[PDB]
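Listed next as structure tokens: two forms of one protein chain, kept apart as structure 1 and structure 2.
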Structure 1
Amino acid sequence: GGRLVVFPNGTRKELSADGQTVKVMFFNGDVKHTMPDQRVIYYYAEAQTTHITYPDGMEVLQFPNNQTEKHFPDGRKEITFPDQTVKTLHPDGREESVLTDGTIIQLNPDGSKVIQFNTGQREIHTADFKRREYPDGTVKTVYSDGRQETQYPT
């Protein structure tokens, strides 16, 4: 079978017979599990937070307010808030939030915003105009100078 080691400071280390599974129970309540598949699970007792590191670089954090975060090796971060909104942060600077009703809110580095409503209509906000596309094919644009243009469908 395995082996148990108890350190004078109270930290305990359990090792499986093959040594591929190691569980460290730190004196402060934290727990670290090293698995045979090389993933490392760390539990923070004070913060009640779980942190999983994968061999490919992926990291997952789970908070006690039911917030979860995924840090991808390519730089992408995905946050799932307690209200189940999902916010993705991309390496190129863009941000996308997906609401529970299916609405998508895209923030771009150039200051523009694109909203795709659950209704199929898209709305675009730029420095020069606000534009709303309707699924019947009509488009209304309100320019910065105040003029309003409605394009009717064919």
Structure 2
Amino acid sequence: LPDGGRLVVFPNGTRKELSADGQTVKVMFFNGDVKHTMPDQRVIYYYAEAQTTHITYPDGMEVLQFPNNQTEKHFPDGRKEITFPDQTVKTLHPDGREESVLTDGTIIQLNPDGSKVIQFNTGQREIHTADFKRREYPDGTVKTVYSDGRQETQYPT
């Protein structure tokens, strides 16, 4: 405001601040909601009841922030990236793939076909397929347990 701005106060308590050049407008509604339009054309919406912030960008990107500290990025291509309060990051793809990265480095990938791949904190991987669950071990063996219950151990060369 101090530098050439304008402040508008409505009788109901809604306030609107406009920059001198008009490129920044902030509306603080009577119910606590806020709409803040920036010069870069991003628009920030705060919803007071839900305590949620939604940022929209001109390229279609959207960011959501929730009061439990969860944050999300919604990319124009349909990708969603969620950072949970425990700092796990989960990426969801339009084709149904989901990948979660835990703070200890564990990666959990769920594939569109229902298969699952885990890379443990140890760097060893385990896959769950329709026909078997298979796991790598640090001694160089690979163990496969098939759907019929048989267990196969392949030893390293």
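What we label the rigid core is the largest C-alpha set whose atoms superpose within 1.5 Å from one form to the other. Reference numbering: structure 1, starting with residue 1.
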After a core superposition, would you say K140 shifts its C-alpha by at least 2 Å between structure 1 and structure 2?
no
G10 C-alpha shift between structure 1 and structure 2 of 2 Å or more, rigid core reference:
yes
Once you lay the two forms on top of each other by their rigid core, how far has the C-alpha of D83 moved between structure 1 and structure 2, in Å?
0.8
Once the two forms are fitted on their rigid core, how many angstrom does the CA of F27 move between structure 1 and structure 2?
2.1
